[PDB]
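Asker: Take a look at this one; I'll ask things after.
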Amino acid sequence: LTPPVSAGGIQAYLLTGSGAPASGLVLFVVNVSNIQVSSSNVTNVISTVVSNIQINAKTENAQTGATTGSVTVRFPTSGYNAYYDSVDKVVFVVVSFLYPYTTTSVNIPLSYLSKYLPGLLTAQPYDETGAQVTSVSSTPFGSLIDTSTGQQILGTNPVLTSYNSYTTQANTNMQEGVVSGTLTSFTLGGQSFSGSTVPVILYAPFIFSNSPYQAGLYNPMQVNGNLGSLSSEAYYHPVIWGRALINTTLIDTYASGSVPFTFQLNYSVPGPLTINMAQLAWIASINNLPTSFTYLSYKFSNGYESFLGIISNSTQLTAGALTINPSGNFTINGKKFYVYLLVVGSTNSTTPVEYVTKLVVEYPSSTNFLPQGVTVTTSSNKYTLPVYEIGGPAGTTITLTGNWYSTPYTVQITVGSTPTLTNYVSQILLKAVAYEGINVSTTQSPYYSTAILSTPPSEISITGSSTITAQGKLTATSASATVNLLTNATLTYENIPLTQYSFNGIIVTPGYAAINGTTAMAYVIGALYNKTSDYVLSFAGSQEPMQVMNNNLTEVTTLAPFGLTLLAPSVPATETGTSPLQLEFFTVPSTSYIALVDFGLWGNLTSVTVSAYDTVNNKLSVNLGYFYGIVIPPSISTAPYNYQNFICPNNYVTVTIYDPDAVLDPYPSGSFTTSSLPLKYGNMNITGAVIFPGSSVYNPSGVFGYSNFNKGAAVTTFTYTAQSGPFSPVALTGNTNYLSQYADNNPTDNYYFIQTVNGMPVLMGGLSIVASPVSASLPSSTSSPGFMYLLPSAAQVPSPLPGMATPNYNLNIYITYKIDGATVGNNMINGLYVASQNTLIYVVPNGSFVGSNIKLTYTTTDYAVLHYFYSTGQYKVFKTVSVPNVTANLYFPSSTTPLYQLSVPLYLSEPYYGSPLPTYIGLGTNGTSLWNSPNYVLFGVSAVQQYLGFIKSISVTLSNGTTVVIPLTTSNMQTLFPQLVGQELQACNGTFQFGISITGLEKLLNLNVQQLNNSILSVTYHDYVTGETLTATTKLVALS
Ligand SMILES: *[C@@H]1O[C@H](CO)[C@@H](O[C@@H]2O[C@H](CO[C@H]3O[C@H](CO)[C@@H](O)[C@H](O)[C@@H]3O)[C@@H](O[C@H]3O[C@H](CO)[C@@H](O)[C@H](O)[C@@H]3O)[C@H](O[C@@H]3O[C@H](CS(=O)(=O)O)[C@@H](O[C@@H]4O[C@H](CO)[C@@H](O)[C@H](O)[C@H]4O)[C@H](O)[C@H]3O)[C@H]2NC(C)=O)[C@H](O)[C@H]1NC(C)=O
Ligand SMILES: *[C@@H]1O[C@H](CO)[C@@H](O[C@@H]2O[C@H](CO[C@H]3O[C@H](CO)[C@@H](O)[C@H](O)[C@@H]3O)[C@@H](O[C@H]3O[C@H](CO)[C@@H](O)[C@H](O)[C@@H]3O)[C@H](O[C@@H]3O[C@H](CS(=O)(=O)O)[C@@H](O)[C@H](O)[C@H]3O)[C@H]2NC(C)=O)[C@H](O)[C@H]1NC(C)=O
Ligand SMILES: *[C@@H]1O[C@H](CO)[C@@H](O[C@@H]2O[C@H](CO[C@H]3O[C@H](CO)[C@@H](O)[C@H](O)[C@@H]3O)[C@@H](O[C@H]3O[C@H](CO)[C@@H](O)[C@H](O)[C@@H]3O)[C@H](O[C@@H]3O[C@H](CS(=O)(=O)O)[C@@H](O)[C@H](O)[C@H]3O)[C@H]2NC(C)=O)[C@H](O)[C@H]1NC(C)=O
Ligand SMILES: *[C@@H]1O[C@H](CO)[C@@H](O[C@@H]2O[C@H](CO[C@H]3O[C@H](CO)[C@@H](O)[C@H](O)[C@@H]3O)[C@@H](O[C@H]3O[C@H](CO)[C@@H](O)[C@H](O)[C@@H]3O)[C@H](O[C@@H]3O[C@H](CS(=O)(=O)O)[C@@H](O)[C@H](O)[C@H]3O)[C@H]2NC(C)=O)[C@H](O)[C@H]1NC(C)=O
Ligand SMILES: *[C@@H]1O[C@H](CO)[C@@H](O[C@@H]2O[C@H](CO[C@H]3O[C@H](CO)[C@@H](O)[C@H](O)[C@@H]3O)[C@@H](O[C@H]3O[C@H](CO)[C@@H](O)[C@H](O)[C@@H]3O)[C@H](O[C@@H]3O[C@H](CS(=O)(=O)O)[C@@H](O)[C@H](O)[C@H]3O)[C@H]2NC(C)=O)[C@H](O)[C@H]1NC(C)=O
Ligand SMILES: *[C@@H]1O[C@H](CO)[C@@H](O[C@@H]2O[C@H](CO[C@H]3O[C@H](CO)[C@@H](O)[C@H](O)[C@@H]3O)[C@@H](O)[C@H](O[C@@H]3O[C@H](CS(=O)(=O)O)[C@@H](O)[C@H](O)[C@H]3O)[C@H]2NC(C)=O)[C@H](O)[C@H]1NC(C)=O
Ligand SMILES: *[C@@H]1O[C@H](CO)[C@@H](O[C@@H]2O[C@H](CO)[C@@H](O)[C@H](O[C@@H]3O[C@H](CS(=O)(=O)O)[C@@H](O)[C@H](O)[C@H]3O)[C@H]2NC(C)=O)[C@H](O)[C@H]1NC(C)=O
Ligand SMILES: *[C@@H]1O[C@H](CO)[C@@H](O[C@@H]2O[C@H](CO)[C@@H](O)[C@H](O[C@@H]3O[C@H](CS(=O)(=O)O)[C@@H](O)[C@H](O)[C@H]3O)[C@H]2NC(C)=O)[C@H](O)[C@H]1NC(C)=O
Ligand SMILES: *[C@@H]1O[C@H](CO)[C@@H](O[C@@H]2O[C@H](CO[C@H]3O[C@H](CO)[C@@H](O)[C@H](O)[C@@H]3O)[C@@H](O)[C@H](O)[C@H]2NC(C)=O)[C@H](O)[C@H]1NC(C)=O
Ligand SMILES: *[C@@H]1O[C@H](CO)[C@@H](O[C@@H]2O[C@H](CO)[C@@H](O)[C@H](O)[C@H]2NC(C)=O)[C@H](O)[C@H]1NC(C)=O
Ligand SMILES: *[C@@H]1O[C@H](CO)[C@@H](O[C@@H]2O[C@H](CO)[C@@H](O)[C@H](O)[C@H]2NC(C)=O)[C@H](O)[C@H]1NC(C)=O
Ligand SMILES: *[C@@H]1O[C@H](CO)[C@@H](O[C@@H]2O[C@H](CO)[C@@H](O)[C@H](O)[C@H]2NC(C)=O)[C@H](O)[C@H]1NC(C)=O
Ligand SMILES: *[C@@H]1O[C@H](CO)[C@@H](O[C@@H]2O[C@H](CO)[C@@H](O)[C@H](O)[C@H]2NC(C)=O)[C@H](O)[C@H]1NC(C)=O
Ligand SMILES: *[C@@H]1O[C@H](CO)[C@@H](O)[C@H](O)[C@H]1NC(C)=O
């Protein structure tokens, strides 16, 4: 039993799982294991147990945590049912608290209850009065006695009132019901008993929890200290960046086991926004197009092309040798009209190019001056209508011929040299909405905890409200008029006679980089002038959004019409009027974050609202969650370093990158993937993003929230793996066609997550390395994303929530010469390499080592930062690590030395020569010096014999100014330094001791040993590492 029941302890468990007879049942167990019992004397012991039990009960406000009512009771002297098991050694009782069975006992199958007490399968439980019995049943709550009052509980009490009335009271008054128990300490048989149960929750409404996080959602990083000033407010004003997960907890007392939930997010901004739009098609009656104009069709990102629609009375349009047949046909009250759809381009194309799938035209009906409309169709009455391309070389002109009513007309098109891109710039009130799902499980009923995406990759709709307006002029037999919409789109009506219709209109699409042409919305206005009691001028028009796929432009949904009416009895008149207008665009999965960021809904001023839905038991939340958005640029830093950092194998230079927008999952080393499907939400089905924790990618089938739902074999499973080459780098593997759809905390691949269009990413983010002078860079053109494994550091013990990510990425760099020319089979050690996890090795040759360097560049991983900060270059940062020059010296221990001594010290000192012990320098031939160091190891590679310098000359000046330079023959080096080898004095110290033989020097000169030999000694060495020479001297003295 989890949690445990203690020695001599009481404990309680709320009954749950399939086969549990009723809601609001709690069991109590007393661990009577500590004493002897038999059927002969059991009635004593069970009676002894029950009399000491006390039970407490409350009603609470589920949001605020306030106690509303409290009651406290004990079992009656008789009429209870209470039971014993010899096998599991417990006394126990079950009590039924909510309606029904508040007052009457409900039977409990011995099968079900045995799940908790398996002894009930081993043998029958004992009853009161000591018999074996086949069944267990509740003691009802209304039977018990008020400890305050010494009477059976009355129907007037608010707690018993509430418990019987929970069904509506949970929602209507935010009421929650809670119970706990305690066994008043007592002695039996020289043993004793004591305890208090953990609280159990009977019921509560379905809500976002509001304690301690008063917004229901929280960012673990803001709560710990790692975000500056904003940490002060983590409990009531949560923030998060664009593509990541934010944490939350729900209470659900209905469900059991795992539960799919679905969420609805609504995004909003204070004040109106300036938006860019572009013209896809212009549609008109042949009277409204101008006598001549110059035009050439534009081509959108998807590959679709702009078109021109002409409506006419005639069965053809005619142009000499060229005949143009209509695309479709319609009628208004028996009068017949045809629609011709044209692309002005390259050549007179006989077969179709693209289509409109369905298209609504709208007119004021004579019957009412109230809007009506129809779908234009083919002659065979099918819906999709062909569009055709026509034209020629630049500067060519075509005349088309047609009729409007009984009057012929001609229009002259000049095929322009450059595409006719046209824009509208409007201010709109805009808002958006989106949907999402995940499958949450719990270790602790009734609390379900999870995370959800800041921006789900799925269809989003963006919607707004604006104005349309007309100015008009009336005459005895005709009207003239103009309209404005979308701030600076203008349409103009040719003067309409009494008893004639005419049309104008536009299809428009957003004007930005990636998404142009992919979604659009159509407005067509019919107009009418007629006379009743007054002259009547009237407008009626469709508003309908569309999307483009496979050269079809299609009605996604169709909205309610609008109308305007102007009237006067006066023959001369000027008039004015206005109406609201609606505007809806729908996005597509790969494009959704980019779209929100471009339109301006995502930024430091954005606020989000969130509501939730339980798929299985069908409930919506009685409250909402709230959070706000953020955009933050990166920064780079390093711990101060000196010459020590490059001496010895256990030293390095640390660089830290601060970039919070690269943390997508708050657990460092966490991974999730995502796909798009239909989701159940309330009484409807909508598309939305489904999150799936792990390293695998799915193309799932069916509808999320029903038995139709099934996810097949993984299409790919990404992994970081060890690989070939010296050291052993860890790097990413997986089919990169699916890399958008995968999320991680590694900046060297994260920039793909939802940021790929036409198979290519919009941002080249992440880390870049270049190194000098031995020419090397990472990554090579050949490299996968995720060429190195690189993770954010995790929060430590005094932090409230340990083990969660900090925005710091900590990266370690080694530069050395000592392992140059080491080998690993065929491999030769040269240049730059990745090692372990966050580690780089740069290896160079001996003379190239001083002044060598690495430059690191960091570019942001998130498209919001590229958008708001492009102006200033604040989205990229640099740092450089370089090896400084150091002082070196050669010295005798004293300026003077006696010819009494046989030998003297001569010390060479240079920091960069220092290593682990032992290490030694062997001399020989023409003054060569060879460095050796068998205890040097670095990631398994080990140092080879290095030639670091040479002794240049060995000289004496004699007592008269004559100078002798001793030639560096083998015999001369042999005699002068019989200890041919120098030794390091202390670990990683720069110092070695040589010993120069004065008793040698005497004989070596062939001089009169002491007689003439008041002399000065002078010696010189050259090192390749600094490029300096070192020189040293001593006076040789004898008794005078
Ligand atoms: C905020 O919400 C975050 C949601 O993203 C939570 O992150 C999840 O953290 C889990 C562990 O958290 C525990 O420890 C932290 C301290 O770091 C505590 O604060 C928490 O209270 C909690 O105690 C983590 O679970 C995994 O690691 C556990 C080790 O601690 C281990 O016992 C589990 O078995 C998990 O492996 C989640 O990490 C991912 O978990 C999923 C499985 S599941 O989602 O847990 O069911 C793994 O997917 C699986 O991968 C295996 C490969 O071996 C496949 O075989 C299998 O098909 C597939 O399901 C992921 O690999 C693993 O990374 C982590 N969730 C995610 C998606 O990252 C976070 O804890 C919340 N914060 C707080 C304060 O509660
Ligand atoms: C969205 O709001 C975020 C919260 O303020 C902003 O994040 C903060 O970014 C600051 C640097 O960018 C600032 O300067 C730009 C022009 O140079 C301009 O776009 C904005 O003015 C923008 O805020 C950075 O603040 C530093 O610079 C400020 C100059 O305006 C100065 O007021 C600050 O004292 C600071 O030097 C923030 O970095 C953090 O600064 C903390 C100081 S405090 O602001 O908490 O007092 C410090 O404790 C911490 O170590 C350091 O990281 C940075 N804030 C955060 C949360 O890290 C963000 O830029 C706004 N986004 C937009 C769209 O502008
Ligand atoms: C698509 O079909 C259209 C309909 O038949 C064609 O439109 C006609 O275009 C003529 C020009 O096309 C010629 O020159 C092109 C080079 O710029 C070449 O690519 C074509 O192969 C073709 O040879 C145009 O003729 C006008 O321009 C001529 C310049 O070369 C010149 O002859 C005159 O200046 C002339 O006005 C047609 O316009 C009409 O021409 C009538 C005389 S005739 O040329 O038919 O003999 C004239 O009476 C009338 O005023 C004028 O409007 C024009 N036809 C119409 C009425 O649309 C188009 O070429 C086809 N496109 C391709 C290349 O496939
Ligand atoms: C949320 O997570 C729940 C787990 O916590 C999921 O329940 C598990 O469902 C498993 C199959 O999942 C697949 O089919 C679902 C449609 O029914 C679909 O919703 C899922 O997305 C997914 O495509 C199921 O595993 C059984 O079937 C497997 C074949 O797919 C087979 O490999 C298994 O051996 C197993 O028979 C689990 O159901 C039950 O599992 C018992 C234990 S075990 O064998 O898994 O160890 C088994 O004894 C019993 O016969 C079987 O019915 C089930 N897991 C558990 C432990 O309950 C749930 O589907 C998820 N909900 C959604 C909507 O995604
Ligand atoms: C440390 O760096 C020093 C500076 O770069 C290197 O110094 C160079 O020394 C070369 C001789 O060293 C060779 O033999 C060693 C055996 O004792 C061996 O350990 C070395 O790996 C290396 O192979 C010297 O090269 C010349 O002398 C050779 C006679 O031994 C002869 O065979 C060569 O043909 C060559 O003339 C370099 O001196 C300069 O060399 C120039 C050409 S190049 O060798 O640099 O390509 C030449 O144009 C010029 O006239 C001559 O003075 C000398 N390099 C420089 C630029 O001073 C030292 O070897 C490195 N130590 C190690 C072990 O890495
Ligand atoms: C419709 O869709 C396409 C494809 O995304 C887009 O073309 C690309 O536009 C960018 C810049 O976009 C902005 O400026 C143009 C006007 O120049 C506006 O129309 C847009 O609304 C944007 O405000 C061009 O610069 C691209 O040319 C490429 O530039 C790259 C550098 S970049 O950082 O500037 O993008 C170079 O690396 C490429 O070599 C070069 O081709 C252009 N891309 C292509 C493939 O032509 C259109 O502008 C969009 N048109 C509409 C209606 O807005
Ligand atoms: C565009 O013109 C089309 C004709 O070119 C119109 O299509 C016709 O629509 C009628 C009424 O909806 C439909 O019944 C016709 O189908 C034919 O019906 C014939 C019998 S009858 O209707 O002539 O009495 C049958 O011979 C046979 O079932 C169909 O051929 C349909 N006509 C054709 C030729 O398909 C269409 O209505 C028009 N669009 C508008 C809105 O004006
Ligand atoms: C839109 O244009 C149509 C032309 O394709 C018009 O069609 C006309 O049909 C009417 C019957 O409704 C018929 O009287 C016409 O027949 C011709 O009459 C000519 C002279 S006139 O009467 O138009 O002045 C003669 O020249 C000729 O030999 C006849 O064939 C017919 N008009 C034509 C010229 O064919 C129609 O008026 C119009 N519809 C709408 C919606 O207003
Ligand atoms: C009363 O006290 C006993 C002393 O604390 C204690 O027994 C110890 O705990 C477990 C045995 O009980 C559990 O395990 C079984 C499943 O194997 C369940 O059926 C049961 O409900 C309990 O969860 C055992 O591991 C441990 O060795 C025992 N310790 C010793 C040495 O006595 C019981 O936990 C408690 N009595 C009962 C039966 O609940
Ligand atoms: C219930 O009855 C049993 C006897 O049936 C009691 O167990 C005996 O107790 C004595 C001392 O108390 C022990 O020395 C024996 O080992 C036990 N005998 C048997 C037969 O087990 C038990 O103590 C009684 N319990 C109570 C509380 O009265
Ligand atoms: C979030 O947006 C949704 C739009 O889906 C809104 O919910 C709608 O409410 C309107 C009336 O305000 C009703 O016509 C619909 O029944 C609701 N829509 C659907 C599809 O359920 C609502 O405006 C926003 N909700 C919140 C949390 O404010
Ligand atoms: C490295 O080792 C040398 C050993 O020669 C150290 O030199 C000695 O320094 C102390 C004081 O620090 C003097 O008392 C001695 O006289 C020096 N020895 C000789 C032979 O002169 C040197 O201090 C060490 N340096 C570092 C950086 O560890
Ligand atoms: C390290 O610094 C030393 C000292 O300034 C440099 O060597 C000196 O400068 C020139 C070389 O251009 C020589 O002629 C002198 O003899 C050197 N001076 C001394 C004190 O002997 C050296 O250039 C620097 N090393 C590197 C490679 O950066
Ligand atoms: C759009 O045109 C194409 C012809 O390529 C056809 O696939 C489709 O039936 C039309 N409309 C739709 C998507 O119904």
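Chain A uses Swiss-Prot numbers throughout; the residues present, in order, are 30-1069.
The deposited model was determined using electron microscopy, 3.2 Å.
Backbone N, Cα and C define each Cβ position, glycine as well.
What Swiss-Prot shows for this protein is this:
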CARBOHYD  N70  N-linked glycosylation site
CARBOHYD  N276  N-linked glycosylation site
CARBOHYD  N342  N-linked glycosylation site
CARBOHYD  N358  N-linked glycosylation site
CARBOHYD  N468  N-linked glycosylation site
CARBOHYD  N581  N-linked glycosylation site
CARBOHYD  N633  N-linked glycosylation site
CARBOHYD  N714  N-linked glycosylation site
CARBOHYD  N875  N-linked glycosylation site
CARBOHYD  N914  N-linked glycosylation site
CARBOHYD  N955  N-linked glycosylation site
CARBOHYD  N1018  N-linked glycosylation site
Asker: Can you tell me how many other Cβ atoms are located within 10 Å of the Cβ belonging to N70 (N-linked glycosylation site)?
Answerer: 10
Asker: Out of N358, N875, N955, which of the glycosylation sites is least crowded by other Cβ atoms within 10 Å?
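Answerer: Taking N358, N875, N955 as the glycosylation sites, the minimal 10 Å Cβ count falls on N955.
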Asker: When a 10 Å sphere is centred on the Cβ of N714 (N-linked glycosylation site), how many other Cβ atoms does it contain?
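Answerer: Summing over all protein chains shown, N714 (N-linked glycosylation site) has 14 other Cβ atoms within 10 Å.
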Asker: Of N70, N276, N358, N714, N914, which is closest to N633 (N-linked glycosylation site) if I measure between C-alpha atoms? They're all glycosylation sites.
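Answerer: Checked the glycosylation sites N70, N276, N358, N714, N914; minimum Cα distance to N633 (N-linked glycosylation site) goes to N276.
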Asker: Quick check: of the glycosylation sites listed here (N70, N342, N468, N581, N955), which one has the Cα closest to that of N1018 (N-linked glycosylation site)?
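Answerer: Of the glycosylation sites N70, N342, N468, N581, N955, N955 has its Cα closest to that of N1018 (N-linked glycosylation site).
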Asker: Cβ neighbours within 10 Å, counted over all protein chains: which one of the glycosylation sites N276, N581, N633, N914, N1018 has the most?
Answerer: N276
Asker: Taking a cut-off of under 6 Å between Cβ and any atom of ligand 6, tell me which of the glycosylation sites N468, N581, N875, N914, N955, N1018 pass.
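Answerer: From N468, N581, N875, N914, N955, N1018, counting a Cβ under 6 Å from ligand 6 as near, there are none.
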Asker: CA-CA, which of the glycosylation sites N342, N358, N581, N714, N914 lies nearest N875 (N-linked glycosylation site)?
Answerer: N914
Asker: Around ligand 13, within a Cβ distance of under 6 Å, which of the glycosylation sites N358, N468, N914 show up?
Answerer: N914
Asker: So if I draw a 10 Å sphere around the Cβ of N342 (N-linked glycosylation site), how many other Cβ atoms end up inside it?
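Answerer: There are 18 of them.
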Asker: Going by DSSP, give the three-state secondary structure for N342 (N-linked glycosylation site).
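Answerer: Once the DSSP labels are grouped into three classes, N342 (N-linked glycosylation site) ends up as coil.
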Asker: Those glycosylation sites, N70, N342, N581, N875: which ones have a Cβ sitting under 6 Å from ligand 12?
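Answerer: If the test is a Cβ under 6 Å from any atom of ligand 12, the answer is none.
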Asker: Which of these glycosylation sites is closest to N914 (N-linked glycosylation site) if you go by CA atoms: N70, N276, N714, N955?
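Answerer: Closest candidate to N914 (N-linked glycosylation site), judged by Cα separation, is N955.
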